[PDB]
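A.B. asks: My structure is stored as work-v4.cif, with mmCIF, C-alpha atoms.
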data_data
loop_
_atom_site.label_atom_id
_atom_site.label_comp_id
_atom_site.auth_asym_id
_atom_site.auth_seq_id
_atom_site.Cartn_x
_atom_site.Cartn_y
_atom_site.Cartn_z
CA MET A 1 -52.75 62.19 17.36
CA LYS A 2 -49.73 59.99 16.91
CA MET A 3 -46.64 59.17 14.91
CA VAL A 4 -45.87 55.66 13.77
CA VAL A 5 -42.26 54.54 13.45
CA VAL A 6 -41.59 51.74 10.94
CA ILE A 7 -38.45 49.66 11.59
CA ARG A 8 -37.00 47.01 9.28
CA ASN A 9 -36.58 43.75 11.15
CA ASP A 10 -34.85 41.84 8.35
CA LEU A 11 -31.60 43.84 8.51
CA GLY A 12 -30.44 42.39 11.81
CA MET A 13 -29.97 45.86 13.30
CA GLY A 14 -28.97 45.89 16.96
CA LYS A 15 -31.05 47.65 19.63
CA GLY A 16 -28.80 50.67 19.53
CA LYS A 17 -29.01 50.95 15.76
CA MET A 18 -32.80 50.64 15.65
CA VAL A 19 -33.04 53.46 18.19
CA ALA A 20 -30.70 55.66 16.14
CA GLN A 21 -32.29 54.87 12.78
CA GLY A 22 -35.83 55.20 14.09
CA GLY A 23 -34.45 58.31 15.75
CA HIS A 24 -33.52 59.86 12.38
CA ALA A 25 -36.98 58.84 11.11
CA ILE A 26 -38.75 60.50 14.04
CA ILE A 27 -36.87 63.80 13.71
CA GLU A 28 -37.45 63.95 9.94
CA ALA A 29 -41.16 63.15 10.10
CA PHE A 30 -41.59 65.62 12.95
CA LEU A 31 -39.90 68.35 10.94
CA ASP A 32 -41.84 67.40 7.83
CA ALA A 33 -45.09 67.72 9.80
CA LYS A 34 -44.11 70.90 11.66
CA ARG A 35 -43.31 72.67 8.38
CA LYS A 36 -46.78 71.83 7.06
CA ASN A 37 -49.07 72.09 10.10
CA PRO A 38 -47.23 73.47 13.16
CA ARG A 39 -50.50 73.76 15.06
CA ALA A 40 -51.22 70.01 14.75
CA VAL A 41 -47.67 69.18 15.78
CA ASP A 42 -48.11 71.39 18.85
CA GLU A 43 -51.19 69.40 19.81
CA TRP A 44 -49.33 66.12 19.38
CA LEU A 45 -46.65 67.46 21.73
CA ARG A 46 -49.13 68.64 24.41
CA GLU A 47 -50.85 65.25 24.52
CA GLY A 48 -47.61 63.36 25.09
CA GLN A 49 -46.24 62.98 21.53
CA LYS A 50 -47.46 59.40 21.30
CA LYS A 51 -45.34 57.09 19.17
CA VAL A 52 -46.04 53.48 18.19
CA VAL A 53 -43.28 51.28 16.83
CA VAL A 54 -44.13 48.71 14.15
CA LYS A 55 -41.99 46.58 11.84
CA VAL A 56 -41.80 45.49 8.21
CA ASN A 57 -39.79 42.51 6.94
CA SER A 58 -38.14 43.79 3.76
CA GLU A 59 -36.86 46.91 2.06
CA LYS A 60 -39.62 46.59 -0.53
CA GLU A 61 -42.21 46.64 2.26
CA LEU A 62 -40.55 49.64 3.93
CA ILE A 63 -40.68 51.55 0.65
CA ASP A 64 -44.28 50.54 -0.02
CA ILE A 65 -45.41 51.90 3.38
CA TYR A 66 -43.53 55.17 2.70
CA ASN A 67 -44.92 55.58 -0.82
CA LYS A 68 -48.40 55.01 0.54
CA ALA A 69 -47.88 57.73 3.16
CA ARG A 70 -46.61 60.17 0.52
CA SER A 71 -49.50 59.39 -1.80
CA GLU A 72 -51.94 59.99 1.05
CA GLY A 73 -50.17 63.32 1.61
CA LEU A 74 -49.19 62.58 5.24
CA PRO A 75 -46.02 63.89 6.91
CA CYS A 76 -43.41 61.17 6.69
CA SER A 77 -39.79 60.26 6.13
CA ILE A 78 -37.55 57.44 4.96
CA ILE A 79 -34.03 56.95 6.28
CA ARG A 80 -30.91 55.64 4.54
CA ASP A 81 -27.99 54.32 6.61
CA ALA A 82 -24.34 55.04 5.83
CA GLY A 90 -25.99 51.14 2.33
CA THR A 91 -29.73 50.71 2.78
CA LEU A 92 -33.08 52.19 3.78
CA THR A 93 -33.51 51.41 7.48
CA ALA A 94 -36.68 53.06 8.69
CA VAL A 95 -39.69 55.23 8.09
CA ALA A 96 -41.87 57.39 10.29
CA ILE A 97 -45.33 58.73 9.59
CA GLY A 98 -46.95 61.59 11.47
CA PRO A 99 -47.71 63.17 13.71
CA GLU A 100 -51.23 63.15 12.26
CA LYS A 101 -54.73 62.11 13.32
CA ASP A 102 -54.59 58.45 14.38
CA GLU A 103 -57.02 57.26 11.71
CA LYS A 104 -55.13 58.86 8.84
CA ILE A 105 -52.05 56.92 9.94
CA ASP A 106 -53.71 53.60 10.85
CA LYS A 107 -54.98 53.59 7.29
CA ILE A 108 -51.33 53.08 6.28
CA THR A 109 -49.79 51.06 9.08
CA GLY A 110 -52.80 49.63 10.91
CA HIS A 111 -52.09 46.10 9.71
CA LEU A 112 -48.39 46.08 10.66
CA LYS A 113 -47.14 44.11 13.65
CA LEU A 114 -45.44 45.76 16.62
CA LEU A 115 -41.64 45.62 16.65
CA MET B 1 -22.23 67.71 15.97
CA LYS B 2 -23.93 64.69 17.49
CA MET B 3 -26.65 63.68 19.91
CA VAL B 4 -26.16 60.97 22.47
CA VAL B 5 -29.18 58.93 23.47
CA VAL B 6 -28.98 57.14 26.83
CA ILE B 7 -31.26 54.13 27.28
CA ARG B 8 -31.79 52.24 30.52
CA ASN B 9 -30.92 48.58 30.09
CA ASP B 10 -32.20 47.35 33.48
CA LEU B 11 -35.92 47.85 32.85
CA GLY B 12 -36.46 44.88 30.56
CA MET B 13 -37.62 47.23 27.80
CA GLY B 14 -38.27 45.46 24.52
CA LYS B 15 -36.92 46.71 21.19
CA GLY B 16 -40.00 48.75 20.33
CA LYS B 17 -40.20 50.32 23.75
CA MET B 18 -36.57 51.49 23.44
CA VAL B 19 -37.14 53.11 20.03
CA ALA B 20 -40.20 54.91 21.38
CA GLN B 21 -38.68 56.06 24.66
CA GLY B 22 -35.47 57.04 22.91
CA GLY B 23 -37.73 58.80 20.45
CA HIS B 24 -39.41 60.94 23.12
CA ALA B 25 -35.95 61.79 24.50
CA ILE B 26 -34.62 62.70 21.03
CA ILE B 27 -37.56 64.98 20.32
CA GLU B 28 -37.28 66.66 23.75
CA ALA B 29 -33.52 67.28 23.58
CA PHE B 30 -33.95 68.57 20.02
CA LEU B 31 -36.54 71.14 21.09
CA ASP B 32 -34.31 72.20 23.98
CA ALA B 33 -31.35 72.54 21.62
CA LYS B 34 -33.41 74.52 19.12
CA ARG B 35 -34.16 77.21 21.69
CA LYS B 36 -30.69 77.09 23.27
CA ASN B 37 -28.76 77.11 19.97
CA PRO B 38 -30.75 77.07 16.67
CA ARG B 39 -27.67 77.34 14.48
CA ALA B 40 -25.99 74.27 15.93
CA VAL B 41 -29.15 72.24 15.34
CA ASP B 42 -29.15 73.19 11.65
CA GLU B 43 -25.54 72.08 11.31
CA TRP B 44 -26.39 68.80 13.06
CA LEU B 45 -29.28 68.27 10.61
CA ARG B 46 -27.12 69.14 7.59
CA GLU B 47 -24.41 66.71 8.69
CA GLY B 48 -26.83 63.79 8.92
CA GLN B 49 -27.97 64.36 12.51
CA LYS B 50 -25.61 61.75 13.91
CA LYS B 51 -26.90 59.93 16.98
CA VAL B 52 -25.02 57.53 19.22
CA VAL B 53 -26.96 55.25 21.55
CA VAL B 54 -25.42 54.27 24.85
CA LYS B 55 -26.79 52.55 27.94
CA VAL B 56 -26.81 52.95 31.72
CA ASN B 57 -28.03 50.36 34.18
CA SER B 58 -29.96 52.24 36.86
CA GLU B 59 -32.16 55.28 37.42
CA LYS B 60 -29.35 56.82 39.49
CA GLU B 61 -26.86 56.76 36.62
CA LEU B 62 -29.48 57.97 34.15
CA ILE B 63 -30.20 60.99 36.37
CA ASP B 64 -26.50 61.63 37.03
CA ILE B 65 -25.85 61.74 33.29
CA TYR B 66 -28.73 64.18 32.86
CA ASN B 67 -27.47 66.35 35.73
CA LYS B 68 -23.92 66.36 34.35
CA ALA B 69 -25.36 67.57 31.03
CA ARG B 70 -27.28 70.36 32.72
CA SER B 71 -24.26 71.32 34.84
CA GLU B 72 -22.39 71.66 31.54
CA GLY B 73 -25.06 73.83 29.88
CA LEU B 74 -25.83 71.24 27.14
CA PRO B 75 -29.32 70.83 25.62
CA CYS B 76 -30.87 67.70 27.10
CA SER B 77 -33.89 65.77 28.27
CA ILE B 78 -35.00 63.03 30.60
CA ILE B 79 -38.17 61.01 29.92
CA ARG B 80 -40.71 59.47 32.30
CA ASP B 81 -42.76 56.54 31.05
CA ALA B 82 -46.26 56.25 32.51
CA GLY B 83 -46.94 53.22 34.72
CA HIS B 84 -46.71 49.70 33.31
CA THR B 85 -49.70 48.52 35.38
CA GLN B 86 -52.02 50.49 37.61
CA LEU B 87 -50.13 48.57 40.32
CA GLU B 88 -46.78 50.20 39.53
CA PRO B 89 -45.31 53.74 39.17
CA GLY B 90 -43.98 55.24 35.96
CA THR B 91 -40.24 55.20 35.28
CA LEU B 92 -37.43 57.38 33.92
CA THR B 93 -36.56 55.41 30.80
CA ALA B 94 -34.20 57.58 28.76
CA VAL B 95 -32.08 60.67 28.39
CA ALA B 96 -30.92 62.55 25.28
CA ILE B 97 -28.10 65.07 25.32
CA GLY B 98 -27.41 67.35 22.37
CA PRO B 99 -27.13 68.13 19.61
CA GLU B 100 -23.85 69.93 20.29
CA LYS B 101 -20.14 69.74 19.41
CA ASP B 102 -18.81 66.19 19.63
CA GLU B 103 -16.04 67.24 22.03
CA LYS B 104 -18.46 68.61 24.61
CA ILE B 105 -20.77 65.62 24.49
CA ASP B 106 -17.95 63.10 24.80
CA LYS B 107 -16.81 65.04 27.85
CA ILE B 108 -20.05 63.91 29.49
CA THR B 109 -21.03 60.54 27.97
CA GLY B 110 -17.79 59.31 26.40
CA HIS B 111 -17.39 56.65 29.08
CA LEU B 112 -20.80 55.06 28.43
CA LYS B 113 -20.99 51.77 26.56
CA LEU B 114 -22.98 51.48 23.36
CA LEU B 115 -26.43 49.98 23.76
#
In structure tokens, what does this structure look like?
C.D. replies:
Amino acid sequence: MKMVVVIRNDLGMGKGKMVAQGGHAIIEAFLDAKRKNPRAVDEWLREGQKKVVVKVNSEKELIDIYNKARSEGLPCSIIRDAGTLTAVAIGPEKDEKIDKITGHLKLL
Amino acid sequence: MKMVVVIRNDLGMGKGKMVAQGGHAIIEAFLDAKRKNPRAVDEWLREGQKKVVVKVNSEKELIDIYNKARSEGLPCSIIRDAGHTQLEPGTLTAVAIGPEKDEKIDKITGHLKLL
């Protein structure tokens, strides 16, 4: 199992901000998943809570990835900074259900 | 309420690595805070789960920050990243302290520079 964190690379966010924004994404996706399948989330935690960080190059692309996750019915989240949408996170979920969504994205 | 994420800046970690390692720290401190003070976590979440990311430049300082947080009774975590190459040991990459009252957390990490 794994969680994929999607960070926008076109916003010019600094290292600290990407960690914080991805950070909000991670917490929200985790909670979204835990509220739906706590048992799967427990497994993800036992195996090392694997996370993979990928990037998208526009807000439209960030939103597309998120909509796709929601349509597939996967745990996910989309973050808005204090204004724009900065990041998304999908999972934890079985690796193949997530790769379906973000498999083509490049690593941050 | 706020959570401070401490990232090592002397390990040559790339942007993605930092988000991931910080991510493991954030999750771990969160779980620790949930068992040590559920109510405070809810408030943090309601208020937009503010997170501030600072940096340290050695394992020593990372550990000291973690110890200081434990010695203060604050929820926290310290992460170990499995070995780069089978020819090198894993490393302590990040620490997360909180969530908890801003005052308390600043008492411990206030002097750290933003990442």
A.B. asks: What is the distance between CA of residue 93 (chain A) and CA of residue 9 (chain A), in Å to one decimal?
C.D. replies: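 Calculated distance between CA of residue 93 (chain A) and CA of residue 9 (chain A) is 9.0 Å.
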A.B. asks: Restrict the calculation to all atoms listed in the file, then for each residue of chain B with any atom at most 10 Å from an atom of chain A give the closest atom pair and their distance in Å to one decimal, rows by chain and rising residue number, as a Markdown table.
C.D. replies:
| residue | atom | partner | partner_atom | distance |
| --- | --- | --- | --- | --- |
| B:3 | CA | A:20 | CA | 9.7 |
| B:4 | CA | A:20 | CA | 9.4 |
| B:5 | CA | A:20 | CA | 8.2 |
| B:6 | CA | A:16 | CA | 9.8 |
| B:7 | CA | A:16 | CA | 8.8 |
| B:14 | CA | A:115 | CA | 8.6 |
| B:15 | CA | A:15 | CA | 6.1 |
| B:16 | CA | A:115 | CA | 5.1 |
| B:17 | CA | A:53 | CA | 7.6 |
| B:18 | CA | A:19 | CA | 6.6 |
| B:19 | CA | A:19 | CA | 4.5 |
| B:20 | CA | A:51 | CA | 6.0 |
| B:21 | CA | A:51 | CA | 8.7 |
| B:22 | CA | A:19 | CA | 6.4 |
| B:23 | CA | A:23 | CA | 5.8 |
| B:24 | CA | A:49 | CA | 7.3 |
| B:25 | CA | A:23 | CA | 9.5 |
| B:26 | CA | A:23 | CA | 6.9 |
| B:27 | CA | A:27 | CA | 6.7 |
| B:28 | CA | A:45 | CA | 9.6 |
| B:30 | CA | A:27 | CA | 8.4 |
| B:45 | CA | A:28 | CA | 9.3 |
| B:48 | CA | A:24 | CA | 8.5 |
| B:49 | CA | A:24 | CA | 7.1 |
| B:50 | CA | A:20 | CA | 8.2 |
| B:51 | CA | A:20 | CA | 5.8 |
| B:52 | CA | A:20 | CA | 6.7 |
| B:53 | CA | A:16 | CA | 5.3 |
| B:54 | CA | A:16 | CA | 7.3 |
| B:55 | CA | A:16 | CA | 8.8 |
| B:114 | CA | A:16 | CA | 7.0 |
| B:115 | CA | A:16 | CA | 4.9 |
A.B. asks: Generate a file of the selected residues that holds C-alpha atoms, formatted as a compact mmCIF listing (two decimals), keeping the file's coordinate frame.
C.D. replies:
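What ended up in out_28.txt:
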# COMPACT_ATOMS: atom_id res chain seq x y z
CA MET B 3 -26.65 63.68 19.91
CA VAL B 4 -26.16 60.97 22.47
CA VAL B 5 -29.18 58.93 23.47
CA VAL B 6 -28.98 57.14 26.83
CA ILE B 7 -31.26 54.13 27.28
CA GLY B 14 -38.27 45.46 24.52
CA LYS B 15 -36.92 46.71 21.19
CA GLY B 16 -40.00 48.75 20.33
CA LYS B 17 -40.20 50.32 23.75
CA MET B 18 -36.57 51.49 23.44
CA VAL B 19 -37.14 53.11 20.03
CA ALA B 20 -40.20 54.91 21.38
CA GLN B 21 -38.68 56.06 24.66
CA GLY B 22 -35.47 57.04 22.91
CA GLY B 23 -37.73 58.80 20.45
CA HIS B 24 -39.41 60.94 23.12
CA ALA B 25 -35.95 61.79 24.50
CA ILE B 26 -34.62 62.70 21.03
CA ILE B 27 -37.56 64.98 20.32
CA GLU B 28 -37.28 66.66 23.75
CA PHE B 30 -33.95 68.57 20.02
CA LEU B 45 -29.28 68.27 10.61
CA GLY B 48 -26.83 63.79 8.92
CA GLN B 49 -27.97 64.36 12.51
CA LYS B 50 -25.61 61.75 13.91
CA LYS B 51 -26.90 59.93 16.98
CA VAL B 52 -25.02 57.53 19.22
CA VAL B 53 -26.96 55.25 21.55
CA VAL B 54 -25.42 54.27 24.85
CA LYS B 55 -26.79 52.55 27.94
CA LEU B 114 -22.98 51.48 23.36
CA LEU B 115 -26.43 49.98 23.76
A.B. asks: Running the PyMOL selection byres ((chain A and resi 62-70) around 10) on this model by hand, what would come out? Give it as a PDB file with C-alpha atoms, in the coordinates of the input.
C.D. replies:
ATOM      1  CA  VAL A   6     -41.590  51.740  10.940  1.00  0.00           C
ATOM      2  CA  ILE A   7     -38.450  49.660  11.590  1.00  0.00           C
ATOM      3  CA  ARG A   8     -37.000  47.010   9.280  1.00  0.00           C
ATOM      4  CA  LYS A  55     -41.990  46.580  11.840  1.00  0.00           C
ATOM      5  CA  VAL A  56     -41.800  45.490   8.210  1.00  0.00           C
ATOM      6  CA  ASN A  57     -39.790  42.510   6.940  1.00  0.00           C
ATOM      7  CA  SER A  58     -38.140  43.790   3.760  1.00  0.00           C
ATOM      8  CA  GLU A  59     -36.860  46.910   2.060  1.00  0.00           C
ATOM      9  CA  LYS A  60     -39.620  46.590  -0.530  1.00  0.00           C
ATOM     10  CA  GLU A  61     -42.210  46.640   2.260  1.00  0.00           C
ATOM     11  CA  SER A  71     -49.500  59.390  -1.800  1.00  0.00           C
ATOM     12  CA  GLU A  72     -51.940  59.990   1.050  1.00  0.00           C
ATOM     13  CA  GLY A  73     -50.170  63.320   1.610  1.00  0.00           C
ATOM     14  CA  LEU A  74     -49.190  62.580   5.240  1.00  0.00           C
ATOM     15  CA  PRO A  75     -46.020  63.890   6.910  1.00  0.00           C
ATOM     16  CA  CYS A  76     -43.410  61.170   6.690  1.00  0.00           C
ATOM     17  CA  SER A  77     -39.790  60.260   6.130  1.00  0.00           C
ATOM     18  CA  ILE A  78     -37.550  57.440   4.960  1.00  0.00           C
ATOM     19  CA  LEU A  92     -33.080  52.190   3.780  1.00  0.00           C
ATOM     20  CA  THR A  93     -33.510  51.410   7.480  1.00  0.00           C
ATOM     21  CA  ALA A  94     -36.680  53.060   8.690  1.00  0.00           C
ATOM     22  CA  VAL A  95     -39.690  55.230   8.090  1.00  0.00           C
ATOM     23  CA  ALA A  96     -41.870  57.390  10.290  1.00  0.00           C
ATOM     24  CA  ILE A  97     -45.330  58.730   9.590  1.00  0.00           C
ATOM     25  CA  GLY A  98     -46.950  61.590  11.470  1.00  0.00           C
ATOM     26  CA  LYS A 104     -55.130  58.860   8.840  1.00  0.00           C
ATOM     27  CA  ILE A 105     -52.050  56.920   9.940  1.00  0.00           C
ATOM     28  CA  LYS A 107     -54.980  53.590   7.290  1.00  0.00           C
ATOM     29  CA  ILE A 108     -51.330  53.080   6.280  1.00  0.00           C
ATOM     30  CA  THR A 109     -49.790  51.060   9.080  1.00  0.00           C
ATOM     31  CA  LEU A 112     -48.390  46.080  10.660  1.00  0.00           C
TER      32      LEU A 112
END
A.B. asks: Pull out every residue that the PyMOL selection byres ((chain B and resi 73) around 12) matches in the shown coordinates and put them as a PyMOL selection string.
C.D. replies: chain B and resi 32-33+36-37+66-72+74-76+97-100+104-105+108
A.B. asks: Apply the PyMOL selection byres ((chain A and resi 2) around 6) to the displayed file and report the matching residues as a PyMOL selection string.
C.D. replies: chain A and resi 1+3+50-51+99-100+102
A.B. asks: Mind dumping the selected residues with C-alpha atoms as a PDB file, in the frame of the given file?
C.D. replies:
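Full text of out.pdb as output:
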ATOM      1  CA  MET A   1     -52.750  62.190  17.360  1.00  0.00           C
ATOM      2  CA  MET A   3     -46.640  59.170  14.910  1.00  0.00           C
ATOM      3  CA  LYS A  50     -47.460  59.400  21.300  1.00  0.00           C
ATOM      4  CA  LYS A  51     -45.340  57.090  19.170  1.00  0.00           C
ATOM      5  CA  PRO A  99     -47.710  63.170  13.710  1.00  0.00           C
ATOM      6  CA  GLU A 100     -51.230  63.150  12.260  1.00  0.00           C
ATOM      7  CA  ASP A 102     -54.590  58.450  14.380  1.00  0.00           C
TER       8      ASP A 102
END
A.B. asks: Tell me, in Å to one decimal, how far CA of residue 44 (chain B) is from CA of residue 113 (chain B).
C.D. replies: 22.4 Å
A.B. asks: Between CA of residue 63 (chain B) and CA of residue 31 (chain A), what is the distance, to one decimal in Å?
C.D. replies: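 Interatomic distance here is 28.2 Å.
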A.B. asks: With only C-alpha atoms as the atoms that count, which of B:91, B:1, B:65, B:34 lies nearest to residue 111 (chain B)?
C.D. replies: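 With only C-alpha atoms as the atom set, the closest residue is B:65.
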A.B. asks: Some atoms are missing, so please complete region 59-76 of chain A with N, CA, C and O atoms and return it as an mmCIF file, in the frame of the given file.
C.D. replies:
data_model
loop_
_atom_site.group_PDB
_atom_site.id
_atom_site.type_symbol
_atom_site.label_atom_id
_atom_site.label_comp_id
_atom_site.auth_asym_id
_atom_site.auth_seq_id
_atom_site.Cartn_x
_atom_site.Cartn_y
_atom_site.Cartn_z
ATOM 1 N N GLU A 59 -37.054 45.550 2.534
ATOM 2 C CA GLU A 59 -36.860 46.910 2.060
ATOM 3 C C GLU A 59 -38.035 47.274 1.171
ATOM 4 O O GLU A 59 -38.518 48.403 1.207
ATOM 5 N N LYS A 60 -38.490 46.323 0.357
ATOM 6 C CA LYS A 60 -39.620 46.590 -0.530
ATOM 7 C C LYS A 60 -40.836 47.007 0.299
ATOM 8 O O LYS A 60 -41.551 47.934 -0.069
ATOM 9 N N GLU A 61 -41.064 46.322 1.414
ATOM 10 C CA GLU A 61 -42.210 46.640 2.260
ATOM 11 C C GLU A 61 -42.030 47.999 2.940
ATOM 12 O O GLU A 61 -42.995 48.721 3.131
ATOM 13 N N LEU A 62 -40.796 48.352 3.290
ATOM 14 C CA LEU A 62 -40.550 49.640 3.930
ATOM 15 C C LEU A 62 -40.917 50.747 2.935
ATOM 16 O O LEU A 62 -41.626 51.713 3.258
ATOM 17 N N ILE A 63 -40.433 50.582 1.711
ATOM 18 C CA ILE A 63 -40.680 51.550 0.650
ATOM 19 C C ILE A 63 -42.156 51.654 0.308
ATOM 20 O O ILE A 63 -42.651 52.754 0.062
ATOM 21 N N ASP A 64 -42.859 50.523 0.287
ATOM 22 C CA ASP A 64 -44.280 50.540 -0.020
ATOM 23 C C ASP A 64 -45.040 51.385 1.008
ATOM 24 O O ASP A 64 -45.861 52.222 0.637
ATOM 25 N N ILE A 65 -44.764 51.156 2.292
ATOM 26 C CA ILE A 65 -45.410 51.900 3.380
ATOM 27 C C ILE A 65 -45.171 53.409 3.199
ATOM 28 O O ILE A 65 -46.092 54.215 3.330
ATOM 29 N N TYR A 66 -43.922 53.770 2.910
ATOM 30 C CA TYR A 66 -43.530 55.170 2.700
ATOM 31 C C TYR A 66 -44.241 55.788 1.505
ATOM 32 O O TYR A 66 -44.768 56.894 1.596
ATOM 33 N N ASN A 67 -44.260 55.075 0.383
ATOM 34 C CA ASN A 67 -44.920 55.580 -0.820
ATOM 35 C C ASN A 67 -46.389 55.811 -0.520
ATOM 36 O O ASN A 67 -46.970 56.798 -0.933
ATOM 37 N N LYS A 68 -46.993 54.887 0.212
ATOM 38 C CA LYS A 68 -48.400 55.010 0.540
ATOM 39 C C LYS A 68 -48.643 56.271 1.373
ATOM 40 O O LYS A 68 -49.604 56.999 1.146
ATOM 41 N N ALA A 69 -47.751 56.541 2.321
ATOM 42 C CA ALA A 69 -47.880 57.730 3.160
ATOM 43 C C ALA A 69 -47.774 58.991 2.289
ATOM 44 O O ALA A 69 -48.583 59.912 2.418
ATOM 45 N N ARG A 70 -46.784 59.025 1.404
ATOM 46 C CA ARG A 70 -46.610 60.170 0.520
ATOM 47 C C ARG A 70 -47.838 60.355 -0.368
ATOM 48 O O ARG A 70 -48.321 61.483 -0.541
ATOM 49 N N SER A 71 -48.353 59.255 -0.920
ATOM 50 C CA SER A 71 -49.500 59.390 -1.800
ATOM 51 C C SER A 71 -50.715 59.924 -1.043
ATOM 52 O O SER A 71 -51.529 60.677 -1.551
ATOM 53 N N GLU A 72 -50.834 59.495 0.238
ATOM 54 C CA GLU A 72 -51.940 59.990 1.050
ATOM 55 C C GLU A 72 -51.708 61.439 1.512
ATOM 56 O O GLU A 72 -52.574 62.083 2.097
ATOM 57 N N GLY A 73 -50.472 61.929 1.283
ATOM 58 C CA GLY A 73 -50.170 63.320 1.610
ATOM 59 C C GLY A 73 -49.918 63.550 3.103
ATOM 60 O O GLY A 73 -50.116 64.630 3.638
ATOM 61 N N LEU A 74 -49.468 62.510 3.806
ATOM 62 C CA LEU A 74 -49.190 62.580 5.240
ATOM 63 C C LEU A 74 -47.734 62.933 5.500
ATOM 64 O O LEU A 74 -46.874 62.632 4.682
ATOM 65 N N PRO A 75 -47.431 63.561 6.654
ATOM 66 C CA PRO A 75 -46.020 63.890 6.910
ATOM 67 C C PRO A 75 -45.298 62.561 7.113
ATOM 68 O O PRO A 75 -45.807 61.658 7.772
ATOM 69 N N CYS A 76 -44.115 62.424 6.541
ATOM 70 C CA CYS A 76 -43.410 61.170 6.690
ATOM 71 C C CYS A 76 -41.955 61.318 6.307
ATOM 72 O O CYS A 76 -41.526 62.378 5.868
#
